[PDB]
Amino acid sequence: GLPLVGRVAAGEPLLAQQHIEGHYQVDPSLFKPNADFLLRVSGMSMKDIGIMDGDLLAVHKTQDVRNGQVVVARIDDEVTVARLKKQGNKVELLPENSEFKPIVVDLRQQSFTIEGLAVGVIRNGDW
Amino acid sequence: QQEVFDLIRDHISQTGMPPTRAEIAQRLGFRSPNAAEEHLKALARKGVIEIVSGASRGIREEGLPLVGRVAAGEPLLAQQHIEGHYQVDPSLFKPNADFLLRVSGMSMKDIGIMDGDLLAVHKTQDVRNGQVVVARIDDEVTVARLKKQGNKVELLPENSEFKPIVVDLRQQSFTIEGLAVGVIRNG
Amino acid sequence: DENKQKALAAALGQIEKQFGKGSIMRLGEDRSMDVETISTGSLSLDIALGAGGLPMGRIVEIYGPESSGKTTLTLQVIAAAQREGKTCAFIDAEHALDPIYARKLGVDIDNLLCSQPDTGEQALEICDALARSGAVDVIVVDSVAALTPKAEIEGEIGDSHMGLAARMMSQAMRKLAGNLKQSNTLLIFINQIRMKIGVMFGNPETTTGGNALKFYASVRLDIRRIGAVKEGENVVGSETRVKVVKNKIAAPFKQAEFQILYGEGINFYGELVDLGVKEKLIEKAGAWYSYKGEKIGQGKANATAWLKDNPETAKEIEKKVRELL
DNA sequence: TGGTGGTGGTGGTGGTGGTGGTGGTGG
Ligand SMILES: Nc1ncnc2c1ncn2[C@@H]1O[C@H](COP(=O)(O)OP(=O)(O)OP(O)(O)=S)[C@@H](O)[C@H]1O
Ligand SMILES: [Mg+2]
């Protein structure tokens, strides 16, 4: 089945072996662009759009992105999920929650990196 | 039964032909072809075996079936219509999932279900206060958290813009349709 | 109009020519549609039923809890019909009948037919075979919870047989409804009680064997036990009340009570004194019963004993009580 | 003197079975 990405350490891709939680056979064709792998999140920062702590967010891996899309990225080599807004030479990742604030870190000091889009959400946590 | 299906699977390969109903019944230890016929029909109804003119046409799964809708807000019409399937594991969800429902409205936003989503339900009728359930109130369905006491049941929202819905069991009929276990979103 | 009269006459002629004489007639001219009843063994119950007994050519159902008295009631019903010259049959799907107790309630055990089928289909086939014959006036089926389908017999325990006996029962009623009325026979089903799991509101008790018999029956009775009858410090009988939960031949929902004395059946003379009091033909001078200006006894037992020992007053009271109700 | 050549499916039936006891108080 599809691989699952759990906690991610720096210096290695998301799909590194020690990041692999296991295999869950979910058909990749259900999602708009084919889902490549899954990634567990602590989604307190994207509540208003319906993402929660412990749920799974499907990602179609690609570096191409446009404005207004929800993207998995890394800043300081740390994984985060947030929407993208581009000013030009500067770009900011934004929340969808009532208590969080933007991220506009400097590329010259620390550059943003994309790994894939977010295509859909799956969860199995307690209710 | 699984053992009966295995008997055909290996007997056909070993001999090149499926065993007769009498042979299957004799192997089962009962003096009647009906013993083999019942299991063969049960496997056929499972979609594993084909039958033509009283004989097996062959020994030739789509996942959770999406069945109908459900309303987070006011109750919505209950009418089963299996429009399609989705290929997803039952083992993912806590008690095994049985079917999927489509959600309309926004009265459960805080917990994390919203418009147009798919909700996995586990069929049952044993549930207790404080759980997330599905109920039918005079041929209309709703999803909410239960709070039962006396002759009145409260179906609570999980959004501050909605107010609870209360039904009196002496006037309207109330049947619990299952227990929610998860969500899938693809919009 | 004049055209309509002949247009209708021709159609009636055609129908009677195709399907036989009598396939259609004015509802006020068919004497096969009149109702005839036979006694049930207990006077209170005949008053309650309205018509005066149970109808012939119909279906009746009797259900209740355990040790309630619904086999004694049916043997009491059988006994009276034989006293009138009617032949009878009894089908023991439960395999639990005691011959001598039947002989002791009043049944002529040498003329009653008996069958012990190995499968519910066989029981119903025998029922239809005797109904078609036109020579048997009463059939009794000991229990419906025991009518096992053939597929369930040849299988193993734990197999799923979802809704099979119900389908069988629907087929059976569909096939028997006509033969019963043509042959003018009475078919009595006894049923058990089970519980409905997960009910939210209402009475959870139900019966086994599906929904078809609830529709196809003309009369349904509910029989229950109330208390004990003491000859002394030792129990000698039961107290019973029956309800008419369905009725198609008279007003429904009435009631009836009586005593079952072990080894004898219903005590008719106990009913007679109760009905007489309620009807002012007997005088209760407080703790003492009284009749026609004389003192009787200190209780129901004394009153019924005195009445039994005195046939004249018994006849006088009965042949008047029967008239009013 | 001498024969040719096959058309087209129709309709669902039936409900099962209940499980388990908490906790003493005042001279
Ligand atoms: N052979 C018998 N001798 C004396 N008393 C009996 C005998 N058989 C039954 N009884 C009593 O008659 C009363 C009612 O029992 P029955 O009518 O015979 O059976 P039922 O109640 O109709 O169905 P079940 O088999 O008990 S669920 C009970 O109090 C019995 O104890
Ligand atoms: Mg009995």
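Residues numbered from 1 in each chain as written, not as in the entry; some residues may be left out. Chains lettered and ligands numbered in written order. Part of a larger assembly, values for the part shown. Heavy atoms only, no water.

The name recorded for chain B in the PDB entry is LexA repressor, from Escherichia coli.

As recorded in the PDB entry, chain A goes by LexA repressor and comes from Escherichia coli. Recorded in UniProt under Subunit, the annotation for chain A is "Homodimer." (UniProt positions renumbered as here; feature names shortened; annotations may be inferred.)

Right, let's get into the sheet that holds strand 15 (residues 288-291) of chain C. All names here are of chain C. The antiparallel open sheet is built from three strands, whose spatial order is 14-15-16. Looking at the sheet topology across the chains shown, the edges are occupied by strand 14 (283-285) and strand 16 (294-297). Taken over all neighbouring pairs, the strand axes of this sheet differ in orientation by 40° on average, direction set aside. Inspection of the sheet shows strand 15 paired to strand 16 by three bridges, in the antiparallel sense. Residue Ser290 lies in a different strand from strand 16, and its bridge partner there is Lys295. (Pairing = 2+ DSSP bridges. Helix = DSSP H or I, 4+ residues; strand = E, 2+ residues; numbered from the N terminus. Axes fitted to C-alpha atoms, helices over the stretch in contact; angles between N-to-C directions.)

It is worth spelling out a nonpolar patch on the surface at this point. On the surface, a cluster of nonpolar side chains totalling about 270 Å² of accessible area is made up of C:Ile15, C:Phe19 and C:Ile24. Structurally, the position occupied by C:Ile24 is in the loop between helix 1 (2-19) and strand 1 (37-38). (Patch = residues over 30% accessible without salt bridge, like charges linked within 9 Å, V, L, I, M, F, W, Y side chains within 5 Å. Areas by Shrake-Rupley, 256 points an atom, 1.4 Å probe, with all protein chains shown as cover. Salt bridge = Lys/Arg side-chain N within 4 Å of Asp/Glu carboxyl O.)

Moving on: the interface of chain A and chain B. Reports often express the size of an interface as the amount of accessible area lost when the parts come together. In this complex, chain A contributes 18 residues to the contact, which on the side of chain B involves 22 residues. Contact between chain A and chain B buries roughly 1,800 Å² in total, counting both sides, with carbon and sulfur atoms accounting for 55%. Across the chain A-chain B interface, the total number found is zero salt bridges. The interface formed by chain A and chain B includes nine residue pairs in polar contact. Counting residues per element, the side of chain A that touches chain B draws most heavily on strand 8 (residues 113-123) of chain A, at five residues. Each residue belonging to the side of chain A that touches chain B can be placed in one class, and the counts come to 10 nonpolar, four polar and four charged. Note that strand 8 of chain A and strand 12 (residues 174-185) of chain B share three bridges and pair antiparallel. Residue A:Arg123 lies in a different strand from strand 12 of chain B, and its bridge partner there is B:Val183. (Contact = heavy atoms within 4.5 Å. Buried area = accessible area lost by both parts, 1.4 Å probe. Polar contact = N/O pair within 3.5 Å; in protein donor to acceptor, adjacent residues only side chain to side chain. Nonpolar A, V, L, I, M, F, W, Y, C, P; charged D, E, K, R; others polar.)

Another point: the site of ligand 1. Residues and elements named next belong to chain C. Taken together, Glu66, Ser67, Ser68, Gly69, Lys70, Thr71, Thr72, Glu94, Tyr101, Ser238 and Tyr262 are the residues near ligand 1. Measuring from an oxygen atom of ligand 1, one finds a backbone N or O atom of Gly69 at 2.9 Å. At a separation of 3.2 Å, an oxygen atom of ligand 1 approaches a polar side-chain atom of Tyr262. For ligand 1, whose free accessible area comes to 640 Å², the fraction covered by protein is 62%. Within the shell around ligand 1, the residues separate by chemical class into two nonpolar, six polar and three charged. (Near = heavy atom within 4 Å.)

Here we take up the packing of aromatic side chains. Considering all chains together, one arrives at two aromatic pairs over all chains under this definition. Between the aromatic rings of C:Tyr291 and C:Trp306, the centroid separation amounts to 6.3 Å while the plane-to-plane angle is 55°, which identifies the pairing as tilted. One end of the pair, C:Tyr291, is in strand 15; the other, C:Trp306, is in helix 10 (residues 300-309), and 15 residues separate them in sequence. With a relative accessible area of 8%, C:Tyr291 lands in the buried category. Lying over the aromatic face of A:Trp127, A:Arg123 brings its terminal NZ or CZ to 5.3 Å of the ring centre. Across the ring face of C:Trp288, the terminal group of C:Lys295 is positioned such that the distance to the ring centre comes to 3.5 Å. (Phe/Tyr/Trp six-rings, centres within 6.5 Å; stacked < 30°, edge-to-face > 60°. Buried < 20%, exposed > 50% of the residue type's maximum accessible area, 1.4 Å probe, protein only. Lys NZ or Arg CZ within 6 Å of the ring centre and 35° of its normal.)

Let us look at the sheet that holds strand 11 (residues 235-247) of chain C. All names here are of chain C. Read from one edge of the open sheet, nine strands run 5-4-6-7-3-10-11-12-13, paired in mixed fashion. Each having just a single partner strand, strand 5 (113-115) and strand 13 (265-266) make up the two edges of the open sheet. Lying over the sheet, helix 5 (residues 120-133) contacts strand 4 (88-91), strand 5 and strand 6 (138-141), oriented at roughly 175° with respect to strand 4.

Moving on: the interface of chain B and chain C. Listed by partner, the interface residues are eight residues for chain B and four residues for chain C. Between chain B and chain C, a total of about 750 Å² is buried, with carbon and sulfur atoms accounting for 62% of that surface. For chain B, the biggest contributors to the area lost against chain C are B:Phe30, B:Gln125 and B:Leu169; these three give 40% of the whole. The tally of links from chain B across to chain C stands at zero salt bridges. The interface formed by chain B and chain C includes two residue pairs in polar contact. Per-class residue counts for the side of chain B that touches chain C are three nonpolar, three polar and two charged.

In this structure, B:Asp138 is a non-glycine residue whose phi angle is positive, near 60°. Topologically, B:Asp138 is positioned in the loop between strand 8 (132-137) and strand 9 (140-149). In the Ramachandran plot, C:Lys280 falls in the positive-phi region, its phi being about 70° despite a non-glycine side chain. Here C:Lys280 is to be found in the loop between helix 9 (268-278) and strand 14.

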